[PDB]
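Remarks on the structure that follows.
Because the Cβ atoms are built from the backbone with ideal geometry, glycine has one as well, and the counts that use them run over all protein chains shown. Nothing in this text is a laboratory measurement; each read-out follows from the coordinates by a stated rule.
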Amino acid sequence: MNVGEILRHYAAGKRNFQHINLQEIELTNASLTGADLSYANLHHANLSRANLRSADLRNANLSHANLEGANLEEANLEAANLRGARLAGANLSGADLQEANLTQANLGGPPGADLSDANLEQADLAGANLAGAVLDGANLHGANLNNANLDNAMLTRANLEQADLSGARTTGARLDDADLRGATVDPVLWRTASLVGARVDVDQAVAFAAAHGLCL
Amino acid sequence: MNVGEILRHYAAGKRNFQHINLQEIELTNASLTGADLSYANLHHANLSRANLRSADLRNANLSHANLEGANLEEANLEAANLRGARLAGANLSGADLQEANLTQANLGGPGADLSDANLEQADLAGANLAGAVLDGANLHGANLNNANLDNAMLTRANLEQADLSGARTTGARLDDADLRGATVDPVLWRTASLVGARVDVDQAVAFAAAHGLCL
C-alpha cells in the first residue's frame, strides 16, 4: 500500500490497517490517531512529526523508522521492534512499550524524547541513547539498559526494580525517588546519579558506601 | 617549689620531681626532658614553648595549663588532667595520653601534632582540634562529643568504638581510618573524607541513608 491509499482510507474513517506493509513509506506529518497498525511492517519508514496518538502498534516492525518529533501518547507498542529508530523529540507519554525492542534507538541528544509514565516493563533498551530524555514516573521494571546513555536523563519516581544498568552513562541523571531495588548498577552510578529518596536494598546501600571508597 | 630551685636541680641531673607542686609556675622556655613529674600539680602553669620530651607526666594535674608550642614527644600523660589546657602548636607526636582528660582543651583553631599518639579511652569532649594532626593516632573508645575536628587530619587513625556525637567534621580527613563501632552523626558521612575508611554494615547503611537513600 502507498501513501495516498492509506490517507484516503483513514480520511474515510477506516481504522483497521493491521498487518499492512508500509516499508520505506513517507508519512511525514501524517495524522493516524486510533489507527490499528498491529503487526504492520514500517521498516525504515519516515513518520517524522506524525500523529500516532492512541494507535495500536503492538508487534509492529519500526526498525530504523524515523519518528522524530512524532506523537505516540498512549500508543500500544508492546513488543514493537524499534531497533535503531530515530525518536528524538517524540512524545511517548503514557505509552505501553512493554517488551519492546528499543536497542540502539536514538531518544535525544545534547534534544530529548518524553516517556513520562510510560510502561517500559521488560523493554530491551540496550545501547540506546536517552540523553536528556524524560522518563519521570516510568516503569522500567526488568528493563535492559546496558550501555545506555542516560546522561542528564530524568528518571524521577521511576521504577527501576530488577533493571540492568550495566555500562549505562549516568552523569547528571536524576533518579530521585526512583525504586532501584534489585537493579544491577555499576559503582559509578552511585557516584553520579542523584539519588535522593531513591529506594535501595541492603546490598545496594553497601555498594553505595563502597563506591565512595569505604572498606568493609 | 619555685622556678630557680627546680631548674638548678634539673641542671644537676636530678630527674625525680614526682608529686611536686608547681601550680601557677612560669616555666616558659624551660627544658625538662626525661623529667618524672608524675602526680605533679601544674594547675594554670605557664609551660609555653617548654621541652617535655619523654617526660613522665602520668596523673599530672595540667588543668588550664599553657603548653602552647610545648614539645611532649613520647611523653607519658596517661590519666593526666588537661581540662581547658592550651596546646596550640604543641608536639605530642608519639605521646601516651590514654585515659587522659582533654575536655575543653584547645589544640589549634597552626594546629597541635598528635601523630601516632595513644589516645585510647581519652575524654576529649568539647575539645578544639581544628586543624590538628592525629594521623595514625589511636582513639579507640575516645569520647569526642562536640569536639571540633574541622580540618583535622585523622588519616589512618583508629576510631573504633569512639563517640563523635556532635563533632564538627567539615574538612576532616578520615581516609584509611577505622571507624567500626564508632558512634557518628549522619553529617559526618556527609562531610569527612572517608576513602579507605573501615566501617560496619550498619555504618554503610547509615552512610547511604545520610545521602538521602531510602530502605
>> If the only charges are +1 at each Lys and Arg Cβ and -1 at each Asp and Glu Cβ, what is the size of the charge dipole of the protein assembly as shown around the Cα centre, to the nearest 20 debye?
In response: 720 debye
> For region A:105-216, with only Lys/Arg (+1) and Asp/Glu (-1) charged at the beta-carbon, what is the dipole magnitude about the Cα centre, in debye rounded to 20?
Replying inline: 300 debye
> Taking N as the number of residues in region B:107-190, what is its Cα Rg relative to 2.2 N^0.38 Å?
Replying inline: 0.91
> Based on Cα positions only, what radius of gyration and what Dmax would you give for the protein assembly as shown, in angstroms?
Replying inline: 34.6, 120
> Which residue, chosen from B:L119, B:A132, B:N151, occupies the Cα position most advanced towards the positive end of the dipole of region B:101-169, where the dipole is computed from +1 (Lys, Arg) and -1 (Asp, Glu) charges on Cβ about the Cα centre?
Replying inline: B:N151
> Just going by the charge dipole of chain A, with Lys and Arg at +1 and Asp and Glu at -1 on Cβ, which of A:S93, A:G213, A:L52 is farthest out on the positive end?
Replying inline: A:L52
>> How much of the pair distance distribution for region A:119-158 lies past 13 Å, counting alpha-carbon pairs only, in percent?
In response: 49 percent
> What number in nm² do you get for region B:1-149 if you take the convex hull of its Cα atoms and divide its surface by four?
Replying inline: 6.9 nm²
> Using only Cα atoms, what Kirkwood radius does region A:67-216 have, in angstroms?
Replying inline: 14.8 Å
>> Show me the three semi-axes of the equivalent ellipsoid for region A:39-87, from the C-alpha gyration tensor (sqrt of 5 times each eigenvalue), largest first, rounded to whole Å.
In response: 14, 14, 8
> Per residue of A:200-209, how many C-beta atoms from partner chains lie within 10 Å of its own C-beta, taken as a mean?
Replying inline: 6
> What is the magnitude of the charge dipole of region B:6-64 about its Cα centre, with +1 placed on the Cβ of each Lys and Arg, -1 on the Cβ of each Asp and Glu, and no other charges, expressed in debye to the nearest 20?
Replying inline: 200 debye
> Per 10 Å bin from zero, what fraction in whole % of the C-alpha pairs of region A:1-52 is there, up to the bin with the longest pair?
Replying inline: 27, 67, 6
> What does the average come to when, for each residue of peptide A:170-182, you count the partner chain Cβ atoms lying within 10 Å of its Cβ?
Replying inline: 1
> Helix-derived [θ] at 222 nm for chain B: sum -39500 (n - 2.57) over DSSP H runs of at least 4, divide by residue count, nearest 500?
Replying inline: -3000 deg cm²/dmol
